[PDB]
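Heads up, the thing below is written out as structure tokens.
Neighbour counts run over all protein chains shown; Cβ positions are idealised from the backbone, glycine included. What follows is calculated from the coordinates using simple rules that are stated; it is not laboratory data.
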Amino acid sequence: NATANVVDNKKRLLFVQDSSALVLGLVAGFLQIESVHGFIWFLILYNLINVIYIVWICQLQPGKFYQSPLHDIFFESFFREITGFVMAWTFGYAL
Amino acid sequence: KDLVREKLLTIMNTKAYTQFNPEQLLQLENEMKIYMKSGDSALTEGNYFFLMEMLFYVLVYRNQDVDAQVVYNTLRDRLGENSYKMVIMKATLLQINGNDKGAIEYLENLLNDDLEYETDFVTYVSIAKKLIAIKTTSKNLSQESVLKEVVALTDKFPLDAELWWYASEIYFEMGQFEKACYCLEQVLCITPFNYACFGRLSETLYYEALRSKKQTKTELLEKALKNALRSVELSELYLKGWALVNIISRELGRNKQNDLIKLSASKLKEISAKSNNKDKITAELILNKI
Amino acid sequence: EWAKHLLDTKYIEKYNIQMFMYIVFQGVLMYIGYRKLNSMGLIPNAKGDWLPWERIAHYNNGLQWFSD
Amino acid sequence: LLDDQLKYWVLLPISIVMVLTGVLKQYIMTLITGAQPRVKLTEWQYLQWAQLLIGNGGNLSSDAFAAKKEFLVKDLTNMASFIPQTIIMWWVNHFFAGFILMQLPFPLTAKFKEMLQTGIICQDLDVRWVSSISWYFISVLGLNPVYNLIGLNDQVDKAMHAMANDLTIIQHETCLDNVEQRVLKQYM
Amino acid sequence: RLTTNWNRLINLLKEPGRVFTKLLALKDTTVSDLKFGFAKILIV
Amino acid sequence: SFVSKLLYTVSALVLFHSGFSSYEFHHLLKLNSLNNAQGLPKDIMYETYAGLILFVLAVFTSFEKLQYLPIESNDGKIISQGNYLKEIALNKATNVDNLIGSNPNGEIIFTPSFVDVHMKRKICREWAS
Ligand SMILES: [C][C][C][C][C][C][C][C]C(=O)O[C]([C]OC(=O)[C][C][C][C][C][C][C])[C]OP([O])(=O)O[C][C]N([C])([C])[C]
């Protein structure tokens with residue numbers, strides 16, 4: 001049914017998400033965002049970047065490039081990206 | 001321009017240069033070196049040396065081979081002459097440099113020194129394939145080469161698809177058309193999603209049907225449809241599967257075969273649309289001829 | 001692939017013979033960690049955790065009381 | 001509080017050391033990586049062929065299912081975690097002790113004041129003010145994206161004879177019979 | 001802001017001394033004492 | 001330099017500038033508070049978000065549509081699917097393979113060694129030799 005080409009585009013998504021969780025947080029630490037506003041800010045901007053990724057790079061068809069796309073873009077690698085955001089936010093708040 | 005890298009690596013992992021005409025092979029040889037020395041960025045060392053040995057084989061195919069010795073000298077530096085690629089390369093070098101057969105014996109006992117698994121199994125599998133390639137030319141031509149493969153095949157290495165595929169090709173060329181079905185079925189067994197072993201396994205059944213009785217003809221053409229439908233199911237723009245389905249259904253011409261004829265005609269007009277290049281000329285002829 | 005197309009389209013006659021249980025179980029595996037290890041001292045609903053959000057009661061509110 | 005320009009000499013060396021020891025760990029696991037008769041590999045190969053004809057080739061062999069089995073039966077019959085994190089805790093507790101490094105942006109609970117402020121012997125300082133070890137406790141969890149971005153990557157005969165006798169009529173897969181329906185189920 | 005910051009960088013660009021300017025370790029203690037409030041006048 | 005690396009360098013410079021300006025502004029809100037005995041937001045914010053949006057567009061404009069060269073022919077004839085990623089359904093994957101004149105099974109189909117020996121013995125005879 002499916003081939004072993006999902007790994008490549010999955011890796012591209014992972015690179016995009018990783019590179020969009022260490023400039024968020026750093027920006028938050030530059031603005032001296034406080035405890036809960038920071039988390040709400042991160043959730044809003046991170047899901048916005050996921051949506052614009054679904055629109056722009058993926059051509060409005062999450063299927064045909066991932067299987068179960070709502071599971072794979074949004075919920076997968078979410079607790080591996082809140083923590084990188086926390087690291088960058090702590091690094092930014094201390095400068 | 002990295003698109004040339006894409007073309008070269010596709011030719012590499014497909015080994016399509018083996019099936020090249022001398023004109024396009026000369027074009028490949030000429031256009032290799034310019035990128036080889038110009039576009040040196042983003043290309044890994046292993047790909048560097050793989051391209052080097054592809055150029056070695058291209059030169060050995062080509063008329064002049066002094067650059068073959070030069071390239072072999074450049075590529076000798078890493079992993080010497082004990083790697084299976086290097087062993088095959090130097091065996092070919094000694095076969096072509098003087099048209100002397102001697103390399104075989106310096107290979108032969110080498111195979112008899114590899115029984116103790118000093119290297120991987122793919123190593124001396126490849127060495128066995130090359131020495132069969134040597135010996136089919138040493139005694140110019142015979143059917144016994146198939147026998148050699150079988151005695152090399154059955155005890156030692158069933159898994160290798162390439163050997164069974166060459167056995168099936170030799171059987172199909174002038175031999176029996178029945179054992180080729182078994183060989184292709186095995187090649188299908190090892191590689192589950194091969195979409196070109198179903199086209200061959202349908203073509204061989206079609207060829208077996210054309211000289212059969214009417215009930216056996218019906219059975220064989222039914223099996224050809226059931227085997228070509230998987231080439232349809234594993235690829236959309238695959239030319240030969242669609243052409244074969246259309247041809248056999250045209251030969252039968254039944255009502256639901258007529259449905260398949262309409263669908264296959266639409267798909268073959270899709271293939272012969274000018275997105276595809278030089279496969280339109282072999283699809284449109286079969287479409288508009290009859 | 002013109003060659004095979006040509007040889008197949010025409011005629012040739014030549015030969016030579018010669019499920020909710022998983023959810024509940026994963027909930028138990030999610031709840032064992034909470035009960036056993038995070039509930040030692042690292043969870044609120046203790047009174048010693050809402051102390052930094054309590055008021056002072058502003059005792060005097062009209063008085064100064066200077067002294068020596 | 002008013003801390004004085006010790007952010008650099010604590011935050012930057014710790015992050016550099018974690019990145020470099022991660023790279024060294026990857027290289028060392030690469031170098032360390034964490035049958036001799038032909039008959040041995042031959043029998044292993046035949047065993048694997050039986051396995052794949054059970055799983056891989058036992059799907060689209062509709063006519064050839066019966067013919068194979070006679071031939072088959074006749075031929076057949078955590079240091080990585082423990083070393084570097086302890087070493088880094090040792091180094092951090094040696095070089096960086098009795099300091100206040102920063103304040104976190106989010107309020108923890110008081111047991112985290114117990115865990116994180118080991119350097120200082122005060123009693124009401126805060127929960128949000130942390131010693132240097134806290135910077136390690138976060139940098140362990142959050143360094144995965146940085147590692148990704150910089151570029152990093154990750155006796156015998158009887159049993160299979162019994163399964164050979166088991167697989168005779170276990171499942172003849174309905175393939176090369178229903179394929180016309182599935183082709184006509186799509187490509188519309 | 002861009003002009004003043006870039007001119008400040010350009011003026012201090014020269015005077016290796018670059019690595020020691022990056023070091024920020026190398027000092028007069030009077031500014032250190034005045035920054036922490038250590039320096040004071042006691043009126044008796 | 002095309003748009004992606006340009007936007008990386010510009011984003012890095014803008015973010016560093018905004019970070020230094022925020023460092024300066026937030027340092028003299030405690031020092032200045034101390035100088036009074038314990039007694040530029042908008043432009044800085046807009047600059048910082050401009051840098052962030054530049055970085056995001058620099059990460060998104062690093063994707064180029066896939067364009068190929070045919071294996072057989074020698075003219076350009078760029079065979080473009082107009083896609084950014086690679087399909088997961090095996091039908092479309094083998095489709096994008098078949099539009100190029102190659103076959104992924106490769107060695108099993110061509111059996112390179114045997115036809116290699118036969119053709120390299122053949123190549124001596126032909127006219128280009
Ligand atoms: C390990 C990751 C760090 C997570 C820390 C939580 C950060 C969110 C947070 O600050 O919420 C705090 C954490 O107060 C507490 O410390 C109680 C924790 C409540 C969550 C427990 C989860 C089981 C509680 O909400 P609050 O409205 O009562 O506090 C006052 C408002 N505030 C100043 C916080 C804006």
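Among the residues here, D:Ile87 qualifies as farther than 30 Å from B:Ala224 by Cα, aliphatic (A, V, I, L, M) and loosely packed, with under 13 Cβ neighbours inside 10 Å. If you go through region C:1-29 and keep only what is within 13 Å of another protein chain (Cβ to nearest Cβ) and either assigned to a helix (DSSP H, G or I) or charged (D, E, K, R) (or both), you end up with C:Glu1, C:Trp2, C:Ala3, C:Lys4, C:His5, C:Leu6, C:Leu7, C:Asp8, C:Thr9, C:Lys10, C:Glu13, C:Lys14.
Note on region D:104-135: residues that are under 33 Å from the mean Cα position of the chain (by Cα) and within 13 Å of A:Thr90 (Cα to Cα) total 8. Tell me, yes or no, whether region F:29-37 has at least one residue that is more than 21 Å from D:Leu2 (Cβ to Cβ) and more than 12 Å from chain A (Cβ to nearest Cβ). Checked against the condition, which is being more than 21 Å from D:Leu2 (Cβ to Cβ) and more than 12 Å from chain A (Cβ to nearest Cβ), region F:29-37 yields no hits at all.
Do we have any residue at all in region A:74-82 that's within 16 Å of the ligand (Cβ to nearest atom), buried (at least 17 other Cβ atoms within 10 Å of the Cβ), within 16 Å of the chain's Cα centre (by Cα) and among the acidic types (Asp, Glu)? Yes, that holds for at least one residue. Here is a check on your reading of the model: is D:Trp49 in a helix (DSSP H, G or I) and closer than 30 Å to D:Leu11 by Cα? Judged against the criteria, D:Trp49 is not a match.
Filtering region C:22-68 to residues that are of a type in the set (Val, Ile, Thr), more than 16 Å from the ligand (Cβ to nearest atom) and closer than 23 Å to D:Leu125 by Cα leaves only C:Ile56.
Would you confirm whether any residue within region F:17-29 is in a helix (DSSP H, G or I) and aliphatic (A, V, I, L, M)? No: zero hits.
Could you tell me whether region B:231-243 includes any residue that is more than 19 Å from F:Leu90 (Cα to Cα), in a helix (DSSP H, G or I) and within 14 Å of chain D (Cβ to nearest Cβ)? There is no residue in region B:231-243 that is more than 19 Å from F:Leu90 (Cα to Cα), in a helix (DSSP H, G or I) and within 14 Å of chain D (Cβ to nearest Cβ). Scanning region B:52-74 for residues that are buried (at least 19 other Cβ atoms within 10 Å of the Cβ) and more than 14 Å from chain F (Cβ to nearest Cβ) returns B:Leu55, B:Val71, B:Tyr72. Right, C:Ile23: loosely packed, with under 10 Cβ neighbours inside 10 Å, over 28 Å from D:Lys111 (Cβ atoms) and β-branched (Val, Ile, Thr) or not? It is true that C:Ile23 is loosely packed, with under 10 Cβ neighbours inside 10 Å, over 28 Å from D:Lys111 (Cβ atoms) and β-branched (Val, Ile, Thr). The residue that is surrounded by the most Cβ atoms within 10 Å (Cβ to Cβ), counting only those in region B:141-151 that are more than 13 Å from chain F (Cβ to nearest Cβ) and not acidic (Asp, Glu), is B:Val150. Between A:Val23, A:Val16, the distinction of being out of contact with any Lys or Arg (no Cβ under 7 Å at 6 or more places or on another chain) and part of a helix (DSSP H, G or I) belongs to A:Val16 only. Looking across region A:32-62 at every residue that is within 16 Å of the ligand (Cβ to nearest atom) and not in a helix (DSSP H, G or I), the one that is surrounded by the fewest Cβ atoms within 10 Å (Cβ to Cβ) is identified as A:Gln32. Within region B:126-150, the set of residues being in contact with a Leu (Cβ under 8 Å, 6 or more places away or on another chain) and either of a type in the set (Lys, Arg) or farther than 22 Å from B:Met86 by Cβ (or both) comprises B:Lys129, B:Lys130, B:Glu149.
Of the residues making up region B:22-68, those that are of a type in the set (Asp, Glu), over 13 Å from F:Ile123 (Cα atoms) and assigned to a helix (DSSP H, G or I) number 5. Scanning region D:1-47 for residues that are exposed (fewer than 14 other Cβ atoms within 10 Å of the Cβ) and within 14 Å of chain B (Cβ to nearest Cβ) turns up D:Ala35, D:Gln36, D:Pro37, D:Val39, D:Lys40, D:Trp44.
When B:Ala228, B:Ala224, B:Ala209, B:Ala196 are checked against the criterion of being in contact with a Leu (Cβ under 8 Å, 6 or more places away or on another chain) and at the interface with another protein chain (Cβ under 10 Å from one of its Cβ atoms), a single residue qualifies: B:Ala228. Pairs meeting the criteria (first residue in region C:46-62 and within 14 Å of chain D (Cβ to nearest Cβ), second residue within 12 Å of the ligand (Cβ to nearest atom) and of a type in the set (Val, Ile, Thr), beta carbons under 9 Å, at least 6 apart or on different chains) are C:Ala46/D:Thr109; C:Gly48/D:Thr109; C:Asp49/C:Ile43; C:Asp49/D:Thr109; C:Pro52/D:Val127. Just to be sure before I move on: is F:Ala58 part of a helix (DSSP H, G or I), buried (at least 19 other Cβ atoms within 10 Å of the Cβ) and among the hydrophobic types (A, V, I, L, M, F, W, C) in the structure I sent? Answer is yes for this residue. Put simply, of B:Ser138, B:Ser126 the only residue that is within 14 Å of chain F (Cβ to nearest Cβ), surrounded by 17 or more Cβ atoms within 10 Å (Cβ to Cβ), closer than 30 Å to B:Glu173 by Cβ and among the hydroxyl-bearing types (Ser, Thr, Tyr) is B:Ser126.
All conditions but one from (1) of a type in the set (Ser, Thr, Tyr); (2) within 16 Å of the ligand (Cβ to nearest atom); (3) within 11 Å of the chain's Cα centre (by Cα) apply to A:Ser20; the one that does not is (2). For region D:174-188, indicate whether the set of residues that are over 30 Å from B:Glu222 (Cβ atoms) and surrounded by fewer than 17 Cβ atoms within 10 Å (Cβ to Cβ) is non-empty. Within region D:174-188 (the criterion being over 30 Å from B:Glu222 (Cβ atoms) and surrounded by fewer than 17 Cβ atoms within 10 Å (Cβ to Cβ)), the answer is no, since none of the residues qualifies. Among the numbered conditions (1) within 16 Å of the ligand (Cβ to nearest atom); (2) on the phi < 0 side of the Ramachandran plot, the only one that A:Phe65 does not meet is (1).
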